[PDB]
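Reviewing the structure listed below.
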Amino acid sequence: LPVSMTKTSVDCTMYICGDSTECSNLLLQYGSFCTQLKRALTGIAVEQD
Amino acid sequence: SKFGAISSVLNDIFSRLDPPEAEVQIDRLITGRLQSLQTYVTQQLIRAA
Amino acid sequence: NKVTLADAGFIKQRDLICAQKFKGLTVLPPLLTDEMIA
Amino acid sequence: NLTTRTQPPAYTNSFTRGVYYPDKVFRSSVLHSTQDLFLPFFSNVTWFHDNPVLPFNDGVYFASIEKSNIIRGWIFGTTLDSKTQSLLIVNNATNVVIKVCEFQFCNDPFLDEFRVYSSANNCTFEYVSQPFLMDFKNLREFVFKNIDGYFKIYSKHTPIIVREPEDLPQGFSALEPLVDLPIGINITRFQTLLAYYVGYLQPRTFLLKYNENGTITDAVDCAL
Amino acid sequence: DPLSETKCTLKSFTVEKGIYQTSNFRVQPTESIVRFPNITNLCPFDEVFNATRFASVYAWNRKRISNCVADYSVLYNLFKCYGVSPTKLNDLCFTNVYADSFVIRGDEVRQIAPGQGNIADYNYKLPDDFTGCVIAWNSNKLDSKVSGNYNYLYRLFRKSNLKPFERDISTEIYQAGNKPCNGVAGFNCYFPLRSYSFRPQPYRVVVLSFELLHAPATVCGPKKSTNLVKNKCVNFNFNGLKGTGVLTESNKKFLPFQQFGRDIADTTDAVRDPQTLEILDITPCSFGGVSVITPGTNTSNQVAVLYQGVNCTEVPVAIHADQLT
Amino acid sequence: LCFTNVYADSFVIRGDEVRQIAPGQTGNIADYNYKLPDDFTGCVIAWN
Ligand SMILES: *[C@@H]1O[C@H](CO)[C@@H](O[C@@H]2O[C@H](CO)[C@@H](O)[C@H](O)[C@H]2NC(C)=O)[C@H](O)[C@H]1NC(C)=O
Ligand SMILES: *[C@@H]1O[C@H](CO)[C@@H](O)[C@H](O)[C@H]1NC(C)=O
Ligand SMILES: *[C@@H]1O[C@H](CO)[C@@H](O)[C@H](O)[C@H]1NC(C)=O
């Protein structure tokens, strides 16, 4: 029977942009989309513990 | 992927096209990568239950 | 030895399937070590 | 010249041949899909032994199984007249020179020396290099296409122990590009300048396999 | 301090006891190394834009440019632009650029278009995947009399659609009616070849069409290269390819025609030098995630910083000189 | 609509460069003399 799951963290800026571009200034017009996803991922990361 | 744009590399669209016509081609990629991250978080929240 | 794990949670540095770290997708290690589970 | 003897197209099978490098990007230990114009696996190709004027429908694969250098090149162009910069291949066993000229064609060409035409004109392209040719036993494969601006050439040279007639040898061998000629001509018909194998390319999705060194070891035809 | 970023990420003034992911960690590059080819011979743009006179629209010609460094501030010595913007044309590299020029009516500068014409459907077709820059040049001052130059003709109808980059030099009249003809006229069997009727504004244009998915570069730009430094995070620029990463040695087995090198997925992992001709290994410099461990703001103000996924020999040793970013 | 402060700037250009001057453009005057802003709200007025 399975018990746990692989905990994954997602860097939102490094996934959407490429960490070498001026894309990071355009991602601030959305605001709270990169925080809700990592909050839900931190919830899974503490849920599998 | 392109999501209906000219290229997938952001460093080509930034270094090729004209600043005020980049807020659609580098908006389609941003919305596509946001939808992909939301889809990934959605199926992980589904399969975590 | 029969469960082939493919996680990307390590510190170490031809490339493996763990090149997803370079795109912003990392793997956190669990709190309980397998020696502690054993 | 009017050298003419008595002339029936024979046929054989391509034993998983016609795979080249679709791009100059190095890959290693990966399976890559490519939707380009390739040769279909296990296709009927025209084995001659003969010089007719064959079509050039968006790509023609070529092969040659010989011991000597009795083959010398090809000629391309939609017209048989002195127009639209008809392309030429030639070889003199010390250099591989290629010309793109505006000559009017002849009936039976031979290059053993400008006897394949009778009127030189204002030429367009000149290129001299030690590759583009290497000189039964010797295999000489070729793939010609003229998509999106310029002219592609792929080749590979392997030894053959298999017999001469009716036998394209089985096994995998990747065709490497030599030079991308920036000419831009429109081709409909072509013929050779004297084995013989002609196969036509089709748009098809493939699945290449790259090894640790980056050579294509196997391929998968996704519509066979 | 990390306590205030824990306050800002939680959007509160009191932080409870626990571990909180606040922000990320990225090492910034230092150098701005560009590497261009060796060539110095300029581009003959004065032969493209100026000659004795130009050519016809169906008897067109495309001038090839190879082994040259281009310049576009001298292009305005004597202009809408598609694809690549001209403000970044001074630092990009290609393999070959085509320069096809034709002549059109003053009421014909609007019809010719990649995805939109009348005369084009039958005299000069342009493909849909276009990248290039068009020149708008009036010639009413250059050519306006009863017979300026009789080397220019045009036809307004053909038997079918024309493919892009196609030329017909057939000395044959065409028809659009019902009965077949050969040389003789009658029911819609007249000549299609019409000469230009100059009277007092012909437009003589030059299209400079660029490419996509470039080869090892033969043409280049006037920007001068810089020396190559390894083993540190360098903002590089290799033949127009922008990026930032550590240029470590390859230890690879590149074929003599390959210059690009990729990972399992789409990642620019390896490149070849344009001058040294030595293959490299693009690796991004050290990054990770940060988690702050606070015991609670109601007990103390000390914080513990955990940089997730990194070694302890990759932290910045210049903790006092981190103000210059 | 109501605004903060209207700014009127006058200059004389050629007949070929009424659209060449643009937000983020090059040529003769768009990168060497004048520059329309990237976030430019407002308008330009060109006439004969
Ligand atoms: C561009 O010119 C430079 C200068 O000669 C070339 O660099 C030389 O490359 C050869 C081998 O490729 C070396 O043996 C020389 O030592 C190099 N010279 C210097 C001064 O470094 C470079 O190869 C040329 N690039 C191309 C594409 O032709
Ligand atoms: C961190 O680096 C040191 C020296 O570079 C090395 O000995 C050590 O093994 C590394 N840590 C891990 C977890 O590999
Ligand atoms: C790759 O190259 C090495 C040495 O160059 C060789 O030993 C090995 O057999 C090659 N791989 C394959 C699949 O042939």
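Just remember, in the structure tokens the first chain shown is A, the second B, etc., residues are 1-based per chain, and ligands are 1-based in the order shown.
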*Please return, as a ChimeraX atom specification, all residues of chain D lying within 9 Å of chain C when only C-alpha atoms are considered.*
/D:28-29,212
Residues just named, written with C-alpha atoms as a short mmCIF file (atom, residue, chain, number, x, y, z; two decimals), in the first residue's frame:
data_model
loop_
_atom_site.label_atom_id
_atom_site.label_comp_id
_atom_site.auth_asym_id
_atom_site.auth_seq_id
_atom_site.Cartn_x
_atom_site.Cartn_y
_atom_site.Cartn_z
CA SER D 28 22.81 12.53 -26.63
CA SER D 29 20.84 9.67 -25.03
CA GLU D 212 26.09 8.73 -26.15
#
Could I get the residue neighbourhood of ligand 1 at 10 Å, counting only C-alpha atoms and all ligand atoms, as a PDB file with C-alpha atoms, in the first residue's frame?
ATOM      1  CA  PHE E  36      31.518  37.463 -32.918  1.00  0.00           C
ATOM      2  CA  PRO E  37      33.376  36.108 -36.012  1.00  0.00           C
ATOM      3  CA  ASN E  38      36.649  37.508 -37.340  1.00  0.00           C
ATOM      4  CA  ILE E  39      35.499  39.250 -40.529  1.00  0.00           C
ATOM      5  CA  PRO E 216      27.386  28.762 -38.441  1.00  0.00           C
ATOM      6  CA  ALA E 217      27.527  32.438 -39.306  1.00  0.00           C
ATOM      7  CA  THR E 218      29.145  33.625 -42.532  1.00  0.00           C
ATOM      8  CA  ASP E 273      33.088  28.970 -30.316  1.00  0.00           C
ATOM      9  CA  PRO E 274      33.031  31.058 -33.529  1.00  0.00           C
ATOM     10  CA  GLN E 275      36.781  31.805 -33.326  1.00  0.00           C
ATOM     11  CA  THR E 276      38.375  29.234 -31.009  1.00  0.00           C
ATOM     12  CA  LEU E 277      36.243  26.419 -32.550  1.00  0.00           C
ATOM     13  CA  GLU E 278      36.180  24.731 -29.147  1.00  0.00           C
TER      14      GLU E 278
END
*Counting only C-alpha atoms, what is within 9 Å of residue 26 of chain B, bar same-chain residues fewer than 3 positions away, as a count of residues only?*
11
*May I have the residues of chain E within 8 Å of chain C, counting only C-alpha atoms, written as a PyMOL selection string?*
chain E and resi 263-264+284+309-311
Could the residues in this selection be saved with N, CA and C atoms as a PDB file, in the first residue's frame?
ATOM      1  N   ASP E 263      20.136  19.299 -24.306  1.00  0.00           N
ATOM      2  CA  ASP E 263      19.949  18.343 -23.227  1.00  0.00           C
ATOM      3  C   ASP E 263      18.889  17.329 -23.680  1.00  0.00           C
ATOM      4  N   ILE E 264      18.346  16.538 -22.749  1.00  0.00           N
ATOM      5  CA  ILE E 264      17.214  15.664 -23.057  1.00  0.00           C
ATOM      6  C   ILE E 264      16.004  16.490 -23.484  1.00  0.00           C
ATOM      7  N   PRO E 284      24.010  26.776 -15.957  1.00  0.00           N
ATOM      8  CA  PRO E 284      23.606  27.954 -15.179  1.00  0.00           C
ATOM      9  C   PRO E 284      24.289  27.980 -13.822  1.00  0.00           C
ATOM     10  N   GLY E 309      18.802  22.882  -1.379  1.00  0.00           N
ATOM     11  CA  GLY E 309      19.309  22.209  -2.556  1.00  0.00           C
ATOM     12  C   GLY E 309      20.719  22.562  -2.972  1.00  0.00           C
ATOM     13  N   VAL E 310      21.439  23.354  -2.186  1.00  0.00           N
ATOM     14  CA  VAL E 310      22.771  23.790  -2.553  1.00  0.00           C
ATOM     15  C   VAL E 310      23.788  23.223  -1.568  1.00  0.00           C
ATOM     16  N   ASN E 311      25.056  23.258  -1.959  1.00  0.00           N
ATOM     17  CA  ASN E 311      26.180  22.930  -1.096  1.00  0.00           C
ATOM     18  C   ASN E 311      26.601  24.174  -0.321  1.00  0.00           C
TER      19      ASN E 311
END
*Quick one: residues within 12 Å of residue 8 of chain F, only C-alpha atoms counted, chain neighbours fewer than 6 positions away excluded, as an MDAnalysis selection string?*
chainID F and resid 42:45
*Running DSSP on the backbone, which parts of chain A land in alpha helix (DSSP H), as a ChimeraX atom specification?*
/A:12-16,33-47
